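Along the sequence shown, residues carry numbers from 1.
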Amino acid sequence: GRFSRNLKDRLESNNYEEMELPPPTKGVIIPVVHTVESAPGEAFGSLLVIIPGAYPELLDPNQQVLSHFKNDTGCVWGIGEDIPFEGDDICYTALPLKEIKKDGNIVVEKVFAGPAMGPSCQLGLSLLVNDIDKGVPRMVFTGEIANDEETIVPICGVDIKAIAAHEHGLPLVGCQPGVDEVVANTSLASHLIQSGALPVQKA
Ligand SMILES: [Mg+2]
């Protein structure tokens with residue numbers, strides 16, 4: 001689709017039961033694209049945050065769907081397709097992220113929609129089970145993961161996702177034109193997480 005602020009306000013007006021939670025042990029932020037049948041050609045993005053633990057009861061019942069990592073190696077609630085690589089034996093919940101407060105608290109909310117579909121979450125999840133140990137990287141990841149499990153693969157809707165990242169004052173991270181910061185593989189992505197941001201040359 002293409003960005004609709006009209007679509008955004010209507011759908012989001014329908015979000016309910018927003019909650020301020022404690023900072024998760026760790027977590028990872030990724031973008032999603034909303035559409036509806038009766039708004040052809042319109043889209044808007046928002047953010048998920050994926051946290052350790054199974055909290056289906058925090059999701060709208062229409063997202064209470066459980067997907068697994070490859071070979072029974074963990075699960076994610078709120079995601080609608082299985083993950084084609086291994087997890088870290090944990091179960092996560094992907095929650096609609098309204099706000100990430102200055103004290104670290106996250107404000108989530110319930111969203112009238114289906115679970116997150118498609119492959120663009122992979123970069124985030126791969127980084128979450130492999131490369132993140134403490135905290136939530138203050139950046140937004142999008143990208144498919146290749147069969148080598150290191151090469152990042154271009155995805156769809158990058159303009160929409162950038163916009164949703166930016167609404168939160170966060171950079172979009174991926175492998176393709178449209179992203180604010182560019183990583184071709186999970187190594188560089190991981191070095192970026194350690195740095196907390198793109199390394200600077202204030203020279
Ligand atoms: Mg294991």
According to a 4.5 Å side-chain heavy-atom criterion applied to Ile, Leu, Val, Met, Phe, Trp and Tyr, with indirect links allowed, do [X] and [Y] form part of one hydrophobic cluster?
{"X": "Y55", "Y": "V32", "result": "no"}
{"X": "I106", "Y": "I90", "result": "no"}
{"X": "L66", "Y": "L59", "result": "yes"}
{"X": "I50", "Y": "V111", "result": "no"}

Note to self: One pair to check against side-chain contact (heavy atoms from CB on, under 4.5 Å): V33 and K161. What are the steps and the verdict?
What the structure shows: CA-CA 7 Å; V33 176; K161 287 156 178 183; 4.1 Å; yes
If the threshold is 4.0 Å, N to carboxylate O, is there a salt bridge linking [X] and [Y]?
{"X": "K8", "Y": "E167", "value": "yes"}
{"X": "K101", "Y": "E20", "value": "yes"}
{"X": "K110", "Y": "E17", "value": "yes"}
{"X": "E12", "Y": "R10", "value": "no"}
{"X": "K26", "Y": "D88", "value": "yes"}

Working to the nearest 0.5 angstrom, can you tell me the gap between [X] [atom1] and [Y] [atom2]?
{"X": "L125", "Y": "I30", "atom1": "CG", "atom2": "CD1", "result": "6.0 Å"}
{"X": "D131", "Y": "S190", "atom1": "CG", "atom2": "OG", "result": "4.0 Å"}
{"X": "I160", "Y": "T142", "atom1": "CD1", "atom2": "OG1", "result": "12.0 Å"}
{"X": "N14", "Y": "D9", "atom1": "CG", "atom2": "CG", "result": "11.5 Å"}
{"X": "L123", "Y": "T186", "atom1": "CG", "atom2": "OG1", "result": "8.0 Å"}

Notebook entry, point to check: Is the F69 ring parallel, tilted or perpendicular to the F85 ring (thresholds 30°, 60°)?
Noted result: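 Rings of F69 and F85: tilted, as their planes differ by 30° to 60°.
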Next item on the list: Begin from the C-alpha positions of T73 and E86 and carry the test side chain to side chain donor-acceptor pair (under 3.5 Å) through to its verdict.
Entry: CA-CA 6 Å; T73 43; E86 276 159 33; 5.6 Å; no
Item checked: Heavy-atom pair with the smallest gap, counting every atom of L172 and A165 ->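 Minimum heavy-atom separation between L172 and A165: N-CB, 4.0 Å.
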Margin query: Could you check whether atom CG of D103 has more than 12 heavy atoms from other residues, nucleotides or ligands sitting under 6.0 Å from it?
Written below: yes
Notebook entry, point to check: CG of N62: more than 12 outside heavy atoms within 6.0 angstrom?
Noted result: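 Result for CG/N62: enclosed.
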